[PDB]
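Here is the structure we will look at, set down as structure tokens.
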Amino acid sequence: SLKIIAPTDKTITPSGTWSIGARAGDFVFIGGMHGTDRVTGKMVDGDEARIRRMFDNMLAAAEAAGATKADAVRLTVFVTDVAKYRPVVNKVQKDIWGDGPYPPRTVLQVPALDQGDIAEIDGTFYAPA
Amino acid sequence: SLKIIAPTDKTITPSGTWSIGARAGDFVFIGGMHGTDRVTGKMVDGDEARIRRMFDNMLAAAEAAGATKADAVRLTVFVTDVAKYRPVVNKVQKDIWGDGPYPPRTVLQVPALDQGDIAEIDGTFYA
Amino acid sequence: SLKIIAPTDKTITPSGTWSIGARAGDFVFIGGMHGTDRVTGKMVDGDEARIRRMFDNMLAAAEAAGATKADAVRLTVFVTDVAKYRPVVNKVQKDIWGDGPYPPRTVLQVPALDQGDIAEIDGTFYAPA
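Residue numbers (the numbering used here), protein chains in the order written: chain A, 24 to 152; chain B, 9 to 135; chain C, 24 to 152.
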């Protein structure tokens with residue numbers, strides 16, 4: 024059976040009809056994450072701070088199920104202006120992953136997000152026990 | 009190997025180049041579902057009911073492969089107006105999952121779906 | 024654990040903060056694919072030719088990892104105009120999959136994709152060794 028990932032003091036705290044993610048055997052599915060502060064639930068200022076924080080939130084949920092950034096098998100980034108934020112996502116991923124290797128990834132533009140945010144991400148990880 | 013989930017009296021019937029979903033080892037991958045009637049292909053009337061049909065469709069298909077709502081590891085819900093429909097989604101989810109627990113999800117706005125619908129869901133499950 | 028799919032003489036060459044795809048246990052995840060020429064990275068001319076190309080790149084990557092079109096457990100197709108392109112996709116899927124059986128899929132309109140392309144695809148595959 025899946026195990027829903029319980030919220031942690033490093034992690035988002037779900038405030039509605041959802042979970043932060045689930046462990047399912049070897050796989051870990053993180054729900055949509057965005058650049059909110061875990062404590063207040065409010066969005067962080069700054070384009071790059073926002074996106075870095077979206078990644079950190081996602082990675083925390085993952086790490087709370089035993090997956091690391093090196094276990095990512097798919098990232099789906101939805102943003103609000105691909106022309107504008109694709110380079111930011113690039114820059115933030117260079118910060119996190121260094122020179123690689125990088126996970127498979129898809130970046131799409133979309134009209135509206137959780138809360139009017141600029142970016143939301145879906146992460147799926149493979150982390151055998 | 010994977011096994012394509014074959015249509016059912018509880019299930020939607022595929023009308024083109026796709027399947028309802030597939031079982032792959034321990035997992036179940038349901039393709040996109042709209043809030044339509046399994047028997048007519050007409051989009052069921054009215055917001056609340058439509059969004060509930062969507063889930064009920066998705067969940068029948070999951071059921072055809074031996075997956076229950078308690079098995080959802082991902083829901084991706086695309087809607088045509090997020091401000092107007094997440095409340096409806098949130099509400100349909102409470103009806104189905106009660107107080108808890110709930111699957112991971114992501115809810116996005118998309119400018120169009122096939123045949124001018126308001127909502128579409130992608131579900132992934134673990135048995 | 025996870026195995027990044029390395030570029031190939033049949034395959035696209037990553038050039039940015041991503042990989043063509045990954046194999047994890049029994050599954051293969053391919054990142055976003057466009058209808059570009061594997062060698063030049065230029066987008067192919069022609070609606071149908073392009074959507075054919077997009078598909079062909081996705082499967083070339085999936086094969087580099089031991090998966091065939093008969094292994095497809097989910098296709099998510101992001102297009103710029105559902106009305107003008109659902110049919111093109113149906114046609115291309117006929118040409119490739121013949122009478123089937125066809126994979127589970129979803130087709131979405133989306134205001135923009137990177138590079139200004141009209142379509143992009145996400146394939147997930149199941150191919151136990």
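Ideal placement from N, C-alpha and C gives every residue a C-beta, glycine not left out.
Any beta carbon of chain A sitting closer than 9 Å to that of residue i?
i         : result
C:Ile-119 : no
C:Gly-39  : yes
B:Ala-78  : yes
Quick check on residue i - is its C-beta less than 9 Å from some C-beta in chain B?
i         : result
C:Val-112 : yes
A:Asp-32  : no
C:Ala-72  : no
C:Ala-152 : no
A:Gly-58  : no
C:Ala-106 : yes
A:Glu-86  : no
A:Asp-68  : no
List the residues of chain B whose Cβ lies closer than 9 Å to the Cβ of residue i, in chain order.
i        : result
A:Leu-82 : What A:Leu-82 touches in chain B: nothing, since even the nearest Cβ is about 15 Å away.
A:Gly-55 : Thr-84, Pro-112, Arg-113, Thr-114, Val-115, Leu-116
Ordered along the chain, which non-local residues of its own chain (more than five positions away) have a Cβ less than 7 Å from that of residue i?
i         : result
C:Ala-152 : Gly-89
A:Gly-64  : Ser-38
B:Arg-61  : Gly-43, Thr-44, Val-52
B:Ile-12  : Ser-27, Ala-30
B:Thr-19  : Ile-28, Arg-46, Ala-68, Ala-69, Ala-72
C:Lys-92  : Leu-82, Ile-119, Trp-120
C:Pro-124 : none
Just the chain A side, please: which residues come within less than 7 Å of residue i by C-beta, in chain order?
i         : result
B:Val-81  : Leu-25, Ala-45, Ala-47, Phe-52
C:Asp-140 : Result: empty, since nearest Cβ-Cβ is about 11 Å, beyond 7 Å.
Interface residues of chain A around residue i at Cβ under 9 Å?
i         : result
C:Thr-103 : By Cβ distance, chain A contributes nothing, its closest Cβ being about 10 Å from C:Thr-103, past 9 Å.
What does a CB cutoff of less than 8 Å around residue i pick up in its chain, not counting 5 residues either side in sequence?
i                     : result
B:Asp-79              : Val-36, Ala-70, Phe-133, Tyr-134, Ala-135
B:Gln-123             : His-42, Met-51
A:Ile-74              : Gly-58, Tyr-108, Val-111, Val-112, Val-115, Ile-141, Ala-142
B:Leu-10              : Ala-30, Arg-31, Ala-32
B:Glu-56              : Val-96, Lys-99, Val-100
residue 16 of chain C : There is simply no residue 16 of chain C to check, as chain C begins at 24 and stops at 152 in what is shown.
Cβ-heavy atom distance between residue i and the ligand SAH below 8 Å?
i        : result
A:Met-66 : In the structure shown, the ligand SAH is absent, as is every other ligand, since no ligand is present at all.
Considering only residues of the same chain and omitting the five flanking positions on each side of residue i, which have a CB-CB separation below 6 Å?
i         : result
A:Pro-30  : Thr-36
A:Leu-136 : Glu-143
B:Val-81  : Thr-132, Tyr-134
B:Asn-65  : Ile-20, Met-41
B:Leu-83  : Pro-111, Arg-113, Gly-131
A:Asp-32  : none
I want to verify the contact list: residues of chain C whose CB lies under 8 Å from the CB of residue i, in sequence order.
i        : result
B:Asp-64 : Under the 8 Å cutoff, chain C gives no residues; its nearest Cβ is about 18 Å from B:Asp-64.
Under 7 Å between beta-carbons, which chain C residues line up against residue i? List them in chain order, please.
i         : result
A:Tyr-149 : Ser-24, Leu-25, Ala-47, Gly-48
At a CB-CB cut-off below 8 Å, which residues of chain B make contact with residue i?
i         : result
C:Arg-109 : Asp-122
Using a Cβ-Cβ distance under 9 Å, would residue i count as near chain C?
i        : result
B:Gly-49 : no
> At a Cβ cut of 7 Å, what residues of the region 118-138 of chain C count as close to chain A, listed as they run along the chain?
Replying inline: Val-133, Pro-134, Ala-135, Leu-136, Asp-137
> Within the chosen definition, does the region 111-127 of chain C reach the region 104-117 of chain B through at least 3 CB pairs nearer than 8 Å?
Replying inline: no
>> Using a Cβ distance threshold of 8 Å, determine whether the region 22-35 of chain B contacts the region 95-105 of chain A, with at least three qualifying pairs required.
In response: no
>> Assess contact between the region 33-49 of chain B and the region 60-69 of chain B, defined as three or more Cβ pairs (one per stretch) separated by less than 8 Å. Is contact present?
In response: Enough Cβ pairs lie closer than 8 Å, so yes.
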